[PDB]
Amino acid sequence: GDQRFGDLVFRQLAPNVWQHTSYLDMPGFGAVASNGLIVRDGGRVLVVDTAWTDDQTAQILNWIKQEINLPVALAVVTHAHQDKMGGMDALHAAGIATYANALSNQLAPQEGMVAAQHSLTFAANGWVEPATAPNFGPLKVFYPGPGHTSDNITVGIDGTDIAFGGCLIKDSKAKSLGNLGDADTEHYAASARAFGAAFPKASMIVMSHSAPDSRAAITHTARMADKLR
């Protein structure tokens, strides 16, 4: 299944959807995998999250050129940490329109990230304000509340059974909630549950640091997060 392409791994999840995976050494924790998504929408490609680095992100674009060979219309990144936004410069060098939560763009410089070009804003209920996500096609963007970070966002893919929780969601066999350095411990559980409620039909849950799983990823993550309160 997996396709090794340089130092990255690509996995097809559905007819028009692939997972990208890249790795960074976290001294004291090992080589940490981070996953994002690639979606073909007709004659264009949409990306969710960069790789950890500019070089790795350029490799994602190389893989897309080889395996899909259509223009990348836009990328959306799911918060201002390196695993999700570290390759912003590579996207910009490639001429790709980039989007992030307004709060992610605000936080980007202090987090050592380059901001996206465009800011998403959200209604009180968490759904993206449609004017701020033009031409997103099947990507349905939802802010579930603060959890892994204050700015974490999530993405459903219309026409598929897939929803992407980014670093908010861990798989059903995870022992912990990972790096909580920037987490909102009080609200994490409710935010994980809100993600599930936003995408009730999604049977395949994709996330940053585990392989795709069932919705038990959501229930298990939320149940673990109940212990943070």
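Definition used throughout: the rigid core is the maximal C-alpha set that superposes within 1.5 Å between two forms. When you see a residue number, it is the position in the sequence shown, counting from 1.
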| property | result |
| --- | --- |
| Greater root mean square CA deviation, 174-182 compared with 32-40 in 6 other deposited structures of this protein, core aligned | 174-182 |
| Core-aligned Cα RMS comparison in 6 other deposited structures of this protein - stretch that moves more, 20-28 or 213-221 | 20-28 |
| 108-116 versus 124-132 - greater average Cα B-factor per the deposited record | 124-132 |
| Segment of higher mean CA temperature factor, 75-83 or 154-162 | 154-162 |
| From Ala51, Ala33, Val47, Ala174, residue of greatest CA B-factor | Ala174 |
| Most elevated Cα B-factor in the entry, residues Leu61, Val39, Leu168, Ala198 | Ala198 |
| Third of the chain's Cα B-factor distribution that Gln19 belongs to, per the entry | lowest |
| Entry-reported Cα temperature factor of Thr221, expressed as the chain third it lands in | middle |
| CA B-factor placement of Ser210, once the chain's modelled residues are sorted into thirds | highest |
| Assigned third (lowest, middle, highest) for the C-alpha B factor of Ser191 | middle |
